[PDB]
Amino acid sequence: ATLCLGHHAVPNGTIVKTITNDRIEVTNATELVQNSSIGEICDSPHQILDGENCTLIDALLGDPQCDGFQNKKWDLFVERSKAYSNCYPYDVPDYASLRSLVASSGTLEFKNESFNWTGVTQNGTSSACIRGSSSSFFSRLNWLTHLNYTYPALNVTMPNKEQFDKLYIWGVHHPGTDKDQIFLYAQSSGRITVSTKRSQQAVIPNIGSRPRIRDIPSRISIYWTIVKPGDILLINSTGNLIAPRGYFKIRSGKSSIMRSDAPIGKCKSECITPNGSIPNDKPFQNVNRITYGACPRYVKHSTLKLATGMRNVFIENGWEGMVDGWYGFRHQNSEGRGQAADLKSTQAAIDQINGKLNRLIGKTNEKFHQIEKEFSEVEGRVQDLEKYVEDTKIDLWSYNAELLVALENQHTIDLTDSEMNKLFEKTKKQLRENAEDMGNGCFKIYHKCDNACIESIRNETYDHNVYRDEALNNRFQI
Amino acid sequence: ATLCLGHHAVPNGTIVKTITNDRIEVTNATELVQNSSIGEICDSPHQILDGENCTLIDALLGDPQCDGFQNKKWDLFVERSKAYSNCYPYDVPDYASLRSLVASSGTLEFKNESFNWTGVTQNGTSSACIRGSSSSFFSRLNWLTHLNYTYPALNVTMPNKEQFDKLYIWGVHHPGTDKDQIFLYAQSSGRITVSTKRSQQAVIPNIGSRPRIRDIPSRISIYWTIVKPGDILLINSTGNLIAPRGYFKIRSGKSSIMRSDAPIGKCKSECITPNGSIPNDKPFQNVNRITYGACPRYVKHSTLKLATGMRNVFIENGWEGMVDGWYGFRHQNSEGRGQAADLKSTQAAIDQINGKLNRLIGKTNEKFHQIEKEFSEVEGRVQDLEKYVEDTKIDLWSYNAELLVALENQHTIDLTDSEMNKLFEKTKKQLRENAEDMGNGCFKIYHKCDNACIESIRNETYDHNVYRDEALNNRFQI
Amino acid sequence: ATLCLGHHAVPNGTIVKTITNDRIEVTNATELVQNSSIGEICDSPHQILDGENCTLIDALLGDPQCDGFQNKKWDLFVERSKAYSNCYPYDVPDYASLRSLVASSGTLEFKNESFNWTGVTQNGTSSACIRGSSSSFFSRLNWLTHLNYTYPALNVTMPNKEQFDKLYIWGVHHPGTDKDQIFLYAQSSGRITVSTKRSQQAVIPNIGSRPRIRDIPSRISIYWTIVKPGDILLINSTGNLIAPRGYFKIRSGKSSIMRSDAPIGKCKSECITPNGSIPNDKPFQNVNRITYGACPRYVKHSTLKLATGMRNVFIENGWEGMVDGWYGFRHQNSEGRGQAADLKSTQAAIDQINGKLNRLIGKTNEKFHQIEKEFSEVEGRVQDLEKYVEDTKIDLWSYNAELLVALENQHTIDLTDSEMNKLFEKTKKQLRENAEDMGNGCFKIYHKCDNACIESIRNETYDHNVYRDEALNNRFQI
Ligand SMILES: *[C@@H]1O[C@H](CO)[C@@H](O[C@@H]2O[C@H](CO)[C@@H](O[C@@H]3O[C@H](CO)[C@@H](O)[C@H](O)[C@@H]3O)[C@H](O)[C@H]2NC(C)=O)[C@H](O)[C@H]1NC(C)=O
Ligand SMILES: *[C@@H]1O[C@H](CO)[C@@H](O[C@@H]2O[C@H](CO)[C@@H](O[C@@H]3O[C@H](CO)[C@@H](O)[C@H](O)[C@@H]3O)[C@H](O)[C@H]2NC(C)=O)[C@H](O)[C@H]1NC(C)=O
Ligand SMILES: *[C@@H]1O[C@H](CO)[C@@H](O[C@@H]2O[C@H](CO)[C@@H](O[C@@H]3O[C@H](CO)[C@@H](O)[C@H](O)[C@@H]3O)[C@H](O)[C@H]2NC(C)=O)[C@H](O)[C@H]1NC(C)=O
Ligand SMILES: *[C@@H]1O[C@H](CO)[C@@H](O[C@@H]2O[C@H](CO)[C@@H](O[C@@H]3O[C@H](CO)[C@@H](O)[C@H](O)[C@@H]3O)[C@H](O)[C@H]2NC(C)=O)[C@H](O)[C@H]1NC(C)=O
Ligand SMILES: *[C@@H]1O[C@H](CO)[C@@H](O[C@@H]2O[C@H](CO)[C@@H](O[C@@H]3O[C@H](CO)[C@@H](O)[C@H](O)[C@@H]3O)[C@H](O)[C@H]2NC(C)=O)[C@H](O)[C@H]1NC(C)=O
Ligand SMILES: *[C@@H]1O[C@H](CO)[C@@H](O[C@@H]2O[C@H](CO)[C@@H](O[C@@H]3O[C@H](CO)[C@@H](O)[C@H](O)[C@@H]3O)[C@H](O)[C@H]2NC(C)=O)[C@H](O)[C@H]1NC(C)=O
Ligand SMILES: *[C@@H]1O[C@H](CO)[C@@H](O[C@@H]2O[C@H](CO)[C@@H](O)[C@H](O)[C@H]2NC(C)=O)[C@H](O)[C@H]1NC(C)=O
Ligand SMILES: *[C@@H]1O[C@H](CO)[C@@H](O[C@@H]2O[C@H](CO)[C@@H](O)[C@H](O)[C@H]2NC(C)=O)[C@H](O)[C@H]1NC(C)=O
Ligand SMILES: *[C@@H]1O[C@H](CO)[C@@H](O[C@@H]2O[C@H](CO)[C@@H](O)[C@H](O)[C@H]2NC(C)=O)[C@H](O)[C@H]1NC(C)=O
Ligand SMILES: *[C@@H]1O[C@H](CO)[C@@H](O)[C@H](O)[C@H]1NC(C)=O
Ligand SMILES: *[C@@H]1O[C@H](CO)[C@@H](O)[C@H](O)[C@H]1NC(C)=O
Ligand SMILES: *[C@@H]1O[C@H](CO)[C@@H](O)[C@H](O)[C@H]1NC(C)=O
Ligand SMILES: *[C@@H]1O[C@H](CO)[C@@H](O)[C@H](O)[C@H]1NC(C)=O
Ligand SMILES: *[C@@H]1O[C@H](CO)[C@@H](O)[C@H](O)[C@H]1NC(C)=O
Ligand SMILES: *[C@@H]1O[C@H](CO)[C@@H](O)[C@H](O)[C@H]1NC(C)=O
Ligand SMILES: *[C@@H]1O[C@H](CO)[C@@H](O)[C@H](O)[C@H]1NC(C)=O
Ligand SMILES: *[C@@H]1O[C@H](CO)[C@@H](O)[C@H](O)[C@H]1NC(C)=O
Ligand SMILES: *[C@@H]1O[C@H](CO)[C@@H](O)[C@H](O)[C@H]1NC(C)=O
Ligand SMILES: *[C@@H]1O[C@H](CO)[C@@H](O)[C@H](O)[C@H]1NC(C)=O
Ligand SMILES: *[C@@H]1O[C@H](CO)[C@@H](O)[C@H](O)[C@H]1NC(C)=O
Ligand SMILES: *[C@@H]1O[C@H](CO)[C@@H](O)[C@H](O)[C@H]1NC(C)=O
Ligand SMILES: *[C@@H]1O[C@H](CO)[C@@H](O)[C@H](O)[C@H]1NC(C)=O
Ligand SMILES: *[C@@H]1O[C@H](CO)[C@@H](O)[C@H](O)[C@H]1NC(C)=O
Ligand SMILES: *[C@@H]1O[C@H](CO)[C@@H](O)[C@H](O)[C@H]1NC(C)=O
Ligand SMILES: *[C@@H]1O[C@H](CO)[C@@H](O)[C@H](O)[C@H]1NC(C)=O
Ligand SMILES: *[C@@H]1O[C@H](CO)[C@@H](O)[C@H](O)[C@H]1NC(C)=O
Ligand SMILES: *[C@@H]1O[C@H](CO)[C@@H](O)[C@H](O)[C@H]1NC(C)=O
Ligand SMILES: *[C@@H]1O[C@H](CO)[C@@H](O)[C@H](O)[C@H]1NC(C)=O
Ligand SMILES: *[C@@H]1O[C@H](CO)[C@@H](O)[C@H](O)[C@H]1NC(C)=O
Ligand SMILES: *[C@@H]1O[C@H](CO)[C@@H](O)[C@H](O)[C@H]1NC(C)=O
């Protein structure tokens with residue numbers, strides 16, 4: 001009789017890479033790179049505030065078109081590419097840092113304060129910002145002007161007796177001409193100094209014209225300061241002051257701003273990237289560099305294929321007809337032929353493979369408030385450094401992704417081939433003296449074995465001592 | 001007779017991770033992460049200067065409480081969290097960069113210079129800083145004031161004829177009111193310009209009040225400049241100048257500032273982290289991100305366990321009673337039973353393992369003057385970038401730490417199992433025709449072997465040709 | 001008869017490292033680190049502009065010695081260490097960022113514009129810059145001075161109607177004394193404001209002396225601005241303005257500036273580093289950190305050696321006399337002795353090795369406009385961060401380089417040893433019942449085999465069934 005061992009095969013397998021062969025065919029594989037976003041942003045679990053025609057700093061400052069964004073909270077704020085301001089010409093030095101400061105807070109919560117003013121007009125206004133069909137300037141700021149042709153030195157103090165750091169927004173007027181500096185503040189000049197016990201800032205208005213924006217040559221410049229609990233805010237001004245009306249609370253938490261043109265719909269996802277959510281499963285993605293939340297690592301690879309199967313088609317060609325397992329038996333006897341899979345080695349191969357997959361898939365990390373990655377301006381050294389570090393990070397993670405897959409696939413191939421050899425060796429021991437290894441993965445059995453002993457051999461209940469004499473008479477002619 | 005091969009076992013082993021199994025039990029393991037500091041900082045080999053109630057910049061500037069820190073040197077300066085200033089209100093633009101500049105120098109060495117002054121008071125003083133029970137301002141600065149109701153334009157030059165870069169510290173007075181600007185400098189204003197052949201700086205005093213600190217509304221602002229050898233320092237001032245009295249030497253070397261609350265005691269260590277020294281041995285640590293000197297890499301893992309043993313409990317269950325080696329023999333003869341370890345395979349397994357440990361343990365790198373990692377203020381973009389790069393570095397090193405251990409443990413397991421198989425195969429050859437492999441790691445010997453031939457087999461001096469006929473008559477009945 | 005298997009050997013092999021043994025000897029190896037530059041820079045394929053005695057910013061500004069650099073283009077600009085300026089004392093705030101801005105553009109293309117000036121002298125000049133044996137100042141700038149003892153407020157506009165971002169260079173005069181501020185601009189002071197619809201800048205001249213450079217106490221300060229298409233440039237000035245004469249085009253592409261003292265010759269190379277080109281082949285280099293173009297990664301290792309051979313000198317000592325392959329046969333018969341290599345296993349070992357080499361060698365990445373890595377000044381926090389990230393990048397790539405080689409060499413050794421064992425096992429099957437394994441890698445053949453059957457065994461055409469009876473009579477005496 002003849003008892004053969006072998007393994008299954010697939011008529012059409014797939015291609016994976018390995019550290020030693022570069023291109024090999026395997027029976028089964030799984031992709032590790034998510035290369036497709038939905039095209040829509042999910043509104044759960046993260047809270048998303050959709051800034052339609054409003055940058056975050058316009059909502060912060062107050063703008064007639066952004067009146068719908070007051071005391072809002074978000075985990076993620078979405079800034080649209082179409083946003084434009086619709087108010088008095090605005091200029092913020094280092095606004096990029098202001099934008100970060102109020103992005104990470106997750107909030108536009110604002111509390112008005114009783115700043116005691118006296119001999120100034122406490123309601124300066126402009127036709128630039130139309131609200132309610134009239135002139136209204138910005139909503140969180142107070143443009144002070146002379147009152148009765150005079151502007152007394154304003155020395156006001158607002159102590160911080162609460163447990164919050166307070167963010168104050170204030171600015172300076174740059175009227176554009178001598179004519180207006182006199183008309184508006186009744187002075188040839190002016191100075192603004194703002195201080196705390198920790199730091200001080202000061203500005204000087206700069207008189208001269210600028211290209212007209214919304215028909216206005218003049219501009220407002222915005223500055224900010226933070227008052228720690230126990231400290232006080234002291235404002236010392238002789239003119240051109242656009243006063244705060246109160247403060248914003250500073251918070252620290254899991255929030256940021258993403259710039260993106262995509263609809264926000266009804267879905268659930270833990271990973272958000274500009275052009276929609278990404279399934280939070282495969283360990284790598286190549287959709288974007290900008291992410292929020294729990295996401296796959298970004299790599300430059302287009303694909304990574306991880307074998308879950310075994311090499312396709314000593315042991316003879318894989319059996320395309322094996323369907324009940326991965327490794328198994330085939331036999332010929334005086335009673336004909338048949339096959340059966342070996343479930344013990346099949347299961348071992350499967351669990352070792354699923355173990356490896358479970359260790360990688362679904363394991364992602366959560367990140368917030370990452371540095372800016374894309375730019376619309378040429379800035380110089382800081383920007384060069386930001387680009388540099390981002391590129392460095394990506395090459396290293398791409399490197400790790402490739403090496404890991406190459407090692408995992410090499411392991412997988414060797415992992416399944418050793419199961420085949422263990423099955424072979426085990427069978428040989430059951431038949432220690434009653435069979436010969438024909439060199440092709442089949443054993444020649446020297447007793448006239450029936451189907452029942454084949455079954456016994458397959459389940460390791462075969463007794464080599466009851467066929468010992470028959471086999472010796474057949475093989476050595478004893 | 002029967003001769004069995006096997007390996008030792010441990011009644012209670014430990015758990016390690018591998019790249020293929022995640023959780024397995026082994027006989028021996030070693031931790032790779034130092035997760036415990038001493039709680040005390042060592043004063044050797046590194047020289048540590050303990051800044052009690054003094055930040056480095058107060059020692060630099062001069063402060064009655066910091067008089068004990070003059071011309072000091074350090075490899076590491078320790079700044080205490082309780083430090084506070086005890087002098088005239090002080091404000092340094094970009095002090096964080098000044099702090100780095102004089103941190104890396106390792107020194108407060110100072111040399112006074114003969115700046116030729118004329119029609120000014122060359123000893124301005126303040127009640128804010130009490131030294132010797134009187135008014136003394138700061139010790140390295142010279143507050144110049146009017147003399148005889150006049151302040152002539154001070155145009156002084158101090159050439160650099162030495163080989164050192166010279167650091168000059170100087171500042172500008174901001175008196176707080178018009179009243180004092182006249183009283184103190186006899187002028188309505190003032191200007192300060194400082195220049196070299198390489199760069200120029202200028203400031204303008206800003207008059208107005210500030211919250212009173214130590215009962216003083218006025219403040220001093222500090223600026224610095226570096227003069228290269230061959231260049232000169234030119235000071236051009238009309239008032240409000242707080243003049244340098246000389247210069248500090250700039251050096252470059254292996255030094256920094258650490259912020260920490262911990263006692264400095266008597267011990268020796270090459271790795272210093274805020275809360276005490278760390279043994280410089282295990283390749284990774286999870287104590288802190290802030291380190292100085294030769295330290296283990298920081299990882300986010302709590303533990304990493306490296307197998308030094310073999311899988312615990314074909315070859316039958318490991319022998320808990322084996323005590324003289326790792327691999328060995330067990331036998332039964334007509335003369336009874338016994339055991340002996342195989343020292344050749346035992347030693348091979350041990351040396352391969354110790355080789356791997358020696359390659360990793362004790363191999364650390366020395367670092368100095370690293371970027372700041374912790375912050376007490378919200379700064380904007382530079383800070384965001386500093387946090388970003390630190391987090392990136394850590395995830396990558398944590399990744400490498402996990403992968404390395406997973407590979408090392410998988411290797412170790414396969415490494416020791418192959419020794420067992422080599423021993424088995426070798427024994428089989430000694431007994432090539434006189435024995436059968438019973439499939440359980442034991443050989444059936446077909447000659448009536450005594451204890452002396454067992455010893456011969458164990459030491460590879462067995463002659464298969466002298467038992468050949470006895471064995472053939474027993475196994476094939478020839 | 002006796003048929004032995006073995007492998008070749010080398011009288012003098014080389015040393016490689018492996019993950020398990022640290023130091024082993026192999027027959028063949030290949031270096032992975034290029035540790036030697038040419039000492040000369042190639043002028044192809046990259047276009048190189050050699051700035052002899054000119055920094056890029058001098059060529060940009062215009063300097064009598066840099067008249068040969070107008071409207072030039074480059075992929076790489078080389079700045080020489082000997083460059084010095086030869087013109088009016090020059091000072092550029094944040095010139096390092098200006099230098100980056102015009103470095104990445106790859107060009108000095110300049111177009112003059114018709115700025116409509118009126119009551120000013122439109123040709124201010126200085127003896128500091130001698131061109132054509134006369135006083136000529138800088139070539140791209142226009143020093144405006146009073147004309148007829150007056151300097152009317154200059155409010156000029158230059159709209160951007162093209163598709164290019166335009167770079168304008170302009171500056172402010174700091175005359176050094178009151179005497180000159182009156183002589184030159186007929187005013188006690190002056191102000192300059194420059195603006196667009198996106199941003200604004202302003203400066204105030206600072207009067208006072210500075211160390212004389214080229215006998216001049218006065219200095220020029222340079223500022224720049226970028227005008228986007230559709231915007232306009234508005235210049236508002238009352239004096240001290242050094243006006244632009246036109247604009248430079250801003251481009252974005254594969255270009256940078258390298259600082260290096262090396263001749264540029266005639267060769268071809270894709271990798272440029274300060275001290276000459278580097279062959280673009282080995283995956284790692286340790287020549288420099290500063291690179292341009294397609295280069296090997298920088299590592300701190302001095303050497304990395306990758307085995308291409310097999311372990312040198314069960315299977316007996318390698319055969320130094322094997323010359324026709326790597327694995328082979330040796331035999332003794334009644335007809336004498338001989339040898340032949342096995343080309344099937346030899347070729348398999350070779351292709352697997354060349355596959356691995358092809359996967360690594362020649363695979364490099366192309367980079368442009370990297371951050372500065374070397375410094376000649378102490379700057380504070382930005383510089384500290386730049387150094388920090390560069391060091392981090394290098395340690396991680398050095399780590400990867402070492403681990404990769406250690407794994408590749410371990411693989412290679414196991415890779416070639418398994419071919420030897422496969423050959424052994426295959427031979428045993430051809431001789432399944434007609435031979436014994438003597439335990440030293442040789443088979444004892446029990447039929448009186450001639451040279452012709454040895455050849456048959458070597459080519460797998462041996463019939464074990466025709467010698468079966470002879471062998472059984474000899475080995476079991478049947
Ligand atoms: C910050 O606010 C305080 C308090 O209002 C200012 O102090 C006061 O400032 C005014 C205006 O400079 C002073 O009035 C002046 O009086 C002199 C003498 O008669 C006169 O010659 C000036 O033309 C002007 O009228 C006033 O004396 C002064 N003192 C107080 C406490 O009333 C302070 O100056 C402000 N700081 C800034 C930013 O300028
Ligand atoms: C400096 O020069 C600029 C550019 O010429 C001046 O800005 C421009 O001034 C003109 C008036 O001379 C403005 O035209 C006016 O526009 C308004 C609508 O905004 C219209 O109602 C008027 O009938 C008239 O057409 C022009 O818009 C304005 N903007 C630009 C940049 O073109 C600027 O005023 C000058 N500054 C001075 C003289 O100090
Ligand atoms: C830097 O120091 C130099 C040298 O002391 C200054 O030059 C001198 O500055 C003074 C004060 O501005 C000048 O005096 C002035 O004279 C004119 C004419 O009589 C008078 O109208 C002014 O009221 C004042 O008294 C002096 O002429 C001038 N020259 C020298 C060499 O003595 C320089 O101005 C200082 N720079 C700064 C920072 O202002
Ligand atoms: C601008 O307003 C602030 C806040 O009111 C003024 O600062 C404060 O001025 C008062 C006096 O009006 C100070 O009170 C005094 O304190 C000293 C001890 O430091 C004590 O000896 C006196 O008897 C009196 O109680 C107060 O300390 C001071 N500090 C703050 C921030 O509360 C500031 O002077 C005003 N600036 C002007 C008028 O220009
Ligand atoms: C930017 O350029 C514009 C246009 O040239 C300047 O506007 C003009 O500036 C001059 C000089 O300040 C003004 O002349 C002045 O007239 C008054 C009143 O007679 C006189 O008291 C002053 O002494 C001076 O002569 C002129 O009126 C003014 N307006 C125009 C459109 O002609 C603008 O001031 C410049 N901005 C800067 C940077 O100062
Ligand atoms: C402030 O002090 C500095 C240093 O003394 C003055 O700079 C120096 O001024 C002297 C003249 O007092 C210059 O000497 C002259 O040099 C020229 C050649 O450059 C020569 O032709 C003259 O015959 C004379 O020897 C000296 O070069 C100059 N430079 C330095 C830094 O030594 C500066 O002028 C003073 N500023 C004032 C008074 O405002
Ligand atoms: C953003 O602003 C633009 C301009 O105001 C809006 O476009 C207008 O939309 C309204 C209807 O809401 C139309 O009546 C106007 O005619 C449109 N003006 C044009 C042609 O620009 C746009 O809808 C706004 N989008 C939001 C709300 O984010
Ligand atoms: C830091 O400064 C504080 C305040 O001066 C010191 O605390 C004082 O210590 C002295 C003894 O040295 C006592 O007499 C005072 O009563 C303490 N004042 C209080 C209650 O704050 C502190 O010892 C200093 N620590 C050092 C030297 O670093
Ligand atoms: C850079 O500039 C220096 C100084 O002008 C040049 O050195 C001079 O070279 C010329 C010949 O071209 C000699 O006649 C002068 O005597 C040299 N002066 C000295 C001694 O410095 C140098 O050749 C220039 N190198 C270039 C062109 O990059
Ligand atoms: C992998 O095998 C499974 C059956 O176990 C099959 O459903 C799946 O489609 C296969 N995947 C590929 C891509 O071959
Ligand atoms: C990647 O793109 C291919 C082709 O569109 C698609 O079949 C595959 O599902 C994508 N991978 C994922 C899951 O993003
Ligand atoms: C703040 O605004 C609310 C608006 O309803 C008003 O009722 C309240 O009086 C204001 N308080 C202050 C401090 O101005
Ligand atoms: C505000 O300031 C004025 C100053 O005259 C004072 O009379 C008043 O009591 C202060 N308090 C108020 C009403 O806010
Ligand atoms: C300005 O107008 C607002 C309208 O809400 C009012 O509350 C505020 O008191 C006014 N301030 C003054 C006194 O001008
Ligand atoms: C989504 O992501 C980016 C844009 O944010 C871009 O590559 C592309 O539009 C989308 N898909 C791919 C290919 O990543
Ligand atoms: C294995 O199969 C044989 C078939 O003859 C049967 O006799 C024996 O009982 C079976 N043993 C097991 C494990 O069920
Ligand atoms: C490892 O084995 C050694 C004996 O060789 C023993 O002293 C040590 O405690 C063991 N370590 C562990 C943690 O099992
Ligand atoms: C880590 O912590 C555990 C529990 O306190 C301790 O047993 C172990 O020794 C620590 N590891 C080291 C050496 O830091
Ligand atoms: C510097 O200080 C020391 C203090 O002992 C003094 O002797 C010396 O004369 C001073 N020199 C200068 C340059 O002022
Ligand atoms: C210092 O300057 C004065 C200016 O009058 C001069 O007389 C003196 O010689 C100079 N030298 C000294 C004493 O430092
Ligand atoms: C200021 O006092 C110090 C005390 O040591 C003295 O050395 C210095 O010469 C004095 N300067 C002048 C002249 O005011
Ligand atoms: C020591 O290090 C840091 C504080 O610097 C902190 O995590 C903890 O207090 C200490 N131990 C640990 C758990 O790292
Ligand atoms: C090995 O042991 C046997 C025991 O009979 C002894 O005769 C022989 O000399 C020993 N050989 C060695 C290597 O000492
Ligand atoms: C490697 O072997 C080749 C022959 O195949 C030889 O030419 C080369 O010099 C060898 N390299 C080394 C360094 O041994
Ligand atoms: C490295 O240096 C050695 C010694 O000069 C040299 O033999 C070797 O070729 C160099 N490697 C390369 C190719 O740069
Ligand atoms: C620019 O310079 C060239 C030099 O040949 C001159 O012909 C042209 O007229 C100039 N154009 C302007 C706009 O000044
Ligand atoms: C330039 O400006 C003057 C201002 O008087 C004007 O007359 C002339 O037409 C303008 N155009 C030219 C010639 O550039
Ligand atoms: C300045 O001189 C240049 C020489 O090319 C000339 O083109 C320009 O028009 C002159 N400008 C004036 C009017 O001063
Ligand atoms: C070339 O590169 C750098 C200088 O840029 C320096 O290390 C050395 O001069 C050269 N060779 C080496 C050893 O890298
Ligand atoms: C192999 O060699 C033998 C030598 O006897 C020869 O008879 C046989 O034909 C050969 N077979 C092949 C593969 O050429």
# chains A, B, ... in the order shown; residues from 1 in each chain; ligands from 1
call {"tool": "interface_residues", "arguments": {"of": "chain C", "to": "chain B", "cutoff": "6 Å", "atoms": "only C-alpha atoms", "output": "JSON, numbers by chain"}}
result
{"C": [211, 380, 381, 439]}
call {"tool": "residues_near_ligand", "arguments": {"ligand": "ligand 11", "cutoff": "9 Å", "atoms": "only C-alpha atoms and all ligand atoms", "output": "VMD selection string"}}
result
chain A and resid 31 to 37 278 to 279 282 285 to 287 302 to 303
call {"tool": "write_last_selection", "arguments": {"atoms": "C-alpha atoms", "output": "PDB file, in the first residue's frame"}}
result
ATOM      1  CA  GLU A  31      -3.600  44.198   2.733  1.00  0.00           C
ATOM      2  CA  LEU A  32      -2.029  46.377   5.445  1.00  0.00           C
ATOM      3  CA  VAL A  33      -2.472  49.804   3.846  1.00  0.00           C
ATOM      4  CA  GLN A  34      -5.800  51.664   3.804  1.00  0.00           C
ATOM      5  CA  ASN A  35      -5.570  53.558   0.463  1.00  0.00           C
ATOM      6  CA  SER A  36      -9.212  54.813   0.286  1.00  0.00           C
ATOM      7  CA  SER A  37     -11.109  57.353   2.395  1.00  0.00           C
ATOM      8  CA  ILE A 278     -10.618  56.340   7.327  1.00  0.00           C
ATOM      9  CA  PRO A 279     -11.552  52.892   8.727  1.00  0.00           C
ATOM     10  CA  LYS A 282      -5.278  48.427   8.882  1.00  0.00           C
ATOM     11  CA  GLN A 285      -2.535  54.317   5.500  1.00  0.00           C
ATOM     12  CA  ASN A 286      -1.392  56.329   2.566  1.00  0.00           C
ATOM     13  CA  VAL A 287      -4.265  58.747   2.360  1.00  0.00           C
ATOM     14  CA  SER A 302       1.181  52.081  -2.192  1.00  0.00           C
ATOM     15  CA  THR A 303       0.634  48.533  -0.979  1.00  0.00           C
TER      16      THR A 303
END
call {"tool": "residues_near_ligand", "arguments": {"ligand": "ligand 29", "cutoff": "12 Å", "atoms": "only C-alpha atoms and all ligand atoms", "output": "short mmCIF file (atom, residue, chain, number, x, y, z; two decimals) with C-alpha atoms, in the first residue's frame"}}
result
data_model
loop_
_atom_site.label_atom_id
_atom_site.label_comp_id
_atom_site.auth_asym_id
_atom_site.auth_seq_id
_atom_site.Cartn_x
_atom_site.Cartn_y
_atom_site.Cartn_z
CA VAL C 33 29.30 52.07 3.59
CA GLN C 34 30.94 54.50 1.15
CA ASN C 35 33.69 56.05 3.36
CA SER C 36 35.61 57.94 0.60
CA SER C 37 34.65 60.95 -1.53
CA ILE C 38 36.40 61.96 -4.72
CA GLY C 39 37.62 65.38 -3.47
CA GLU C 40 36.10 67.02 -6.51
CA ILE C 41 32.56 68.13 -7.29
CA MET C 258 26.06 74.08 -0.17
CA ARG C 259 29.02 75.55 1.66
CA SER C 260 32.20 73.96 0.44
CA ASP C 261 35.81 74.33 -0.47
CA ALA C 262 36.42 71.90 -3.32
CA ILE C 272 27.07 65.71 -4.02
CA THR C 273 28.49 66.36 -0.56
CA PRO C 274 30.80 69.31 0.47
CA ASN C 275 34.16 67.54 -0.20
CA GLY C 276 33.34 66.15 -3.69
CA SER C 277 30.90 63.68 -5.21
CA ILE C 278 30.14 60.26 -3.72
CA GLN C 285 27.79 56.63 3.64
CA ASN C 286 29.74 58.15 6.44
CA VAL C 287 31.28 61.04 4.58
CA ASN C 288 28.91 63.77 5.64
CA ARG C 289 25.58 64.93 6.90
CA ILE C 290 25.27 67.52 4.24
CA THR C 291 24.18 66.11 0.95
CA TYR C 298 24.32 58.93 6.61
CA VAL C 299 25.37 56.65 9.41
CA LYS C 300 27.83 56.81 12.28
CA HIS C 301 29.25 53.36 11.55
CA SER C 302 32.70 53.14 10.09
CA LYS C 373 23.38 71.40 9.73
CA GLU C 374 26.52 73.35 10.60
#
call {"tool": "residues_near_ligand", "arguments": {"ligand": "ligand 16", "cutoff": "12 Å", "atoms": "only C-alpha atoms and all ligand atoms", "output": "list in words"}}
result
residues 449, 450, 451, 452, 453, 454, 455, 456, 457, 458, 459, 460, 461, 462 and 463 of chain A
